[PDB]
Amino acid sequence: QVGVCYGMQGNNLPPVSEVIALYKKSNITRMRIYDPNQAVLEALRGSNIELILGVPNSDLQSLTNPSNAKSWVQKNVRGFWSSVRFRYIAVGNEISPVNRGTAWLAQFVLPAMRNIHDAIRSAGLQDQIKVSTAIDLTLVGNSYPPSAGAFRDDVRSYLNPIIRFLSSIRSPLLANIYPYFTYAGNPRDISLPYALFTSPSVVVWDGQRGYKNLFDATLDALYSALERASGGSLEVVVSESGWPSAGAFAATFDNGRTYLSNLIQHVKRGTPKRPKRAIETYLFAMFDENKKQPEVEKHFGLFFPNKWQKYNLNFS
């Protein structure tokens, strides 16, 4: 089953308690949060909703201290494990050692991951709670054709031991993946149906592999890059994917409804490189978030604030 990201950065959202109810009501069995919000954590008790618990980028430095990590795991994980189904801990989100926004944080990521995993393991929860980190694909330097997928050379020192770490504890890699932003940036070379899963014929030939949609192309490029960096047995969890209903080029209700309905159907199976297994996917995001910048970042909601679905999606 597909999951949905619960961002809370709006001034008009239902109270936490109602959002959980609305998850249960809609039969959404997986949730991703971006910080260990106590109210949300308390509201998920007995919910049977599988959780991605996020470590905020702002707390990464602090958690490179083992004792600090131990207490974080105690307060935000062990304090709720009776009643909250932790599935992954996302230590950091979209960190890159070469992007201006997060470069000064790259140092902190693996140590935080190690301390958190150690604490989790000390509590004996390591076969239940998988420690990982959530990337964006700015780290992928080349992705066309997908078989040529490779990480940017200037991030290998960062990525290599993290890949290695994930292998030793059998964690997946978490990836935020948005065919929308790719398309919006280059509508000249990328066709809308390709981005929307509506292409009847193959669009890209990669030897014996036919790519019908941008998502498959993009994911498989990631897999190829992992393979070149000795992470060829890692599973990828798609930890965000969404299409905005307004606010910018190609951000439309119709595009939105198509992408998300087709995505939900697509991920029951895999990609041309890994065709069998379902792709675990977290849709971004539950509600529009009117406090975010820029404009387009206010329209990824699946639901209006009156709790009515934009698109009438079946999550079962």
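Just count from 1 along the sequence shown to find any residue number.
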| item | value |
| --- | --- |
| Which of 201 to 209 and 112 to 120 has higher mean CA B factor, as the PDB entry lists it | 201 to 209 |
| Segment of higher mean CA temperature factor, 95 to 103 or 140 to 148 | 140 to 148 |
| Highest recorded Cα temperature factor - choice among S224, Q126, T218, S167 | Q126 |
| C-alpha B-factor winner, where the candidates are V84, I163, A175, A90 | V84 |
| Chain-relative CA temperature factor third for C5 | lowest |
| Chain-relative CA temperature factor third for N262 | middle |
| Third of chain Cα B-factors occupied by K307 | lowest |
| Third of the chain's Cα B-factor distribution that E240 belongs to, per the entry | lowest |
| Within-chain third of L214 by Cα B-factor, per the entry | middle |
